[PDB]
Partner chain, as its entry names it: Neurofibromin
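Next comes just one chain, in structure tokens: the form deposited without its partner chain.
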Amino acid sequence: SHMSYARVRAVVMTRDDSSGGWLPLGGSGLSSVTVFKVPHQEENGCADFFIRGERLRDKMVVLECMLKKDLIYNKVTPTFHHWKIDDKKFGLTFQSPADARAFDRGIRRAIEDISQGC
């Protein structure tokens, strides 16, 4: 309900065997990327926040990650962002700078809301 922070269609990007490049994970197809909160117990107390990417054609979950307060966000272009949570990285190729900005507020609110509870 008020559990979702953002939902956009984008292409999931993974860091390549090269050194500093990014490529789309598998297909070049769009995925349904959402950011959401999952209550530990009480619907309004402490919770965990996840980023989830589901490929549109075969509904395969190609990305699933738990947000953490220390996470780093990187706006490279107005249409390409990538983040680092602990040791690994994921990135997104948005369809518009709009979607990108909407998603960014989303992740931002979610991160700030992480300690809501204790």
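Only the largest set of C-alpha atoms that superpose within 1.5 Å between the two forms is called the rigid core. Residues that one form lacks are left out of the comparison. Numbering follows the first chain given and starts at 1.
Keep in mind the form deposited with its partner chain bound is missing from the figure; the text below concerns it.
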query	finding
Non-hydrogen atom contact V76 with its partner chain in the bound PDB entry at 4.5 angstroms	no
Non-hydrogen atom contact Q41 with its partner chain in the bound PDB entry at 4.5 angstroms	yes
Non-hydrogen atom contact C46 with its partner chain in the bound PDB entry at 4.5 angstroms	yes
Contact flag, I85 vs its partner chain in the bound PDB entry, heavy atom cut 4.5 Å	no
In the bound PDB entry, segment of 76-84, 31-39, 55-63, 89-97 with a heavy atom within 4.5 Å of its partner chain	31-39
Rigid-core-referenced C-alpha movement of 2 Å or more between this form and the one not shown, selected from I85, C46, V61, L56	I85
Large-shift segments between this form and the one not shown, meaning 3+ residue runs whose Cα move 2 Å or more when the rigid core is superposed	17-20, 85-88
